[PDB]
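Here you get one chain, nothing else, as structure tokens; it is the form deposited in one PDB entry.
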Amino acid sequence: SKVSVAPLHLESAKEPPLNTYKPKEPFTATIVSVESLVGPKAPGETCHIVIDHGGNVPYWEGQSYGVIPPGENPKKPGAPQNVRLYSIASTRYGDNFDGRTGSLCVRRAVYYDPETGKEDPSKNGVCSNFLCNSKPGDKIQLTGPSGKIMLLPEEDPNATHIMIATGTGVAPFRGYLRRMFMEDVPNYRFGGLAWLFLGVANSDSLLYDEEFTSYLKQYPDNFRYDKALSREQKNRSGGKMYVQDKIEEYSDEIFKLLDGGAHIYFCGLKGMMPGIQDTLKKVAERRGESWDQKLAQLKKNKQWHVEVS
């Protein structure tokens, strides 16, 4: 039932591609499609952008593309805009299974006057709105790919991977999970446990929910899926249900998975990390263990993968 992908030679590279294109001479790619991923009650629009790179900017799952929006640097006249990085939300074969496209998961950065609620498009985010405003056939200046922290360790195809995302931080995990469960990749037959924790504002802010729910039904012994809907659910203390609260629910089980060698990944808002770290520390110290030492050991054993901003 897995999807045929091509071309298999994307499996042959021994090292991840890195900085194939640089800001000084970006690759001119072409938009294939842009679609909203969210419902009307979502607090902002998050869009899914499919980009045709023609096979010229291949990548591994977990990497990022840079995008240079058009225009001049506002704080450097005569100069191009700075690169904005976006975690790639597709597998190396991309959403058309042909190794020609990659996808981004982009939240429109929109400014509202805090008192009047008044929108002001002059203060909106340049690149995020450029991308979600794009249309088929538009050109995109691409750099990269970049990133090694979030590469998926594939040495053990029965490994455990605990994936913790807030909002568009889900992007790399869509790529991981498609590779683990959707695509017919003969050199990676995942037989382990993948456990996605996703925190979003409300049910309408869910990103790729139908896809992840399909893995639940198709691979119930290998995929688990927990959601923290911050504006629809309350945690034990009556505060907003964030991912660190959902982790807390399973904290015993997670710590045991981590002691057995599981990988844990964090992507999204940097603000979630103190709360997550506080949750795991409580479990360690419950057990009589120094969290500082355990975290240092997790990093030395390459189990601890953080890319937040």
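Rigid core: the largest C-alpha set superposing within 1.5 Å between the two forms. Residue numbers run from 1 along the displayed sequence.
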Quiz item: Mean C-alpha B factor from the entry: is it higher for 53 to 61 or for 247 to 255?
Solution: 247 to 255
Quiz prompt | Segment of higher mean CA temperature factor, 10 to 18 or 283 to 291 | solution = 283 to 291
Quiz item: Which of these has the highest Cα B-factor in the record: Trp195, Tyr215, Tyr93, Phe130?
Solution: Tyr215
Quiz item: For the listed residues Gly260, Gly66, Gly268, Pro70, which one has the largest C-alpha B-factor as given in the deposited model?
Solution: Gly260
Quiz item: Is the Cα B-factor recorded for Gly147 in the lowest, middle or highest third of its chain?
Solution: middle
Exercise. Sorting the chain's modelled residues by C-alpha B-factor, tell me whether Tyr208 ends up in the lowest, middle or highest third.
Key: middle
Exercise. State the tercile, meaning the lowest, middle or highest third, of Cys47 with respect to the CA B-factors recorded for its chain.
Key: middle
Quiz item: By the record's CA B-factor, is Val34 among the lowest, middle or highest third of residues in the chain?
Solution: middle
Quiz prompt | Third of the chain's Cα B-factor distribution that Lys123 belongs to, per the entry | solution = middle
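Absent from the display: the form deposited in another entry. The rest refers to it.
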Quiz prompt | Candidates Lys256, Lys240, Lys282, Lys41 - which moves between this form and the one not shown, C-alpha at least 2 Å, core fixed | solution = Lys282
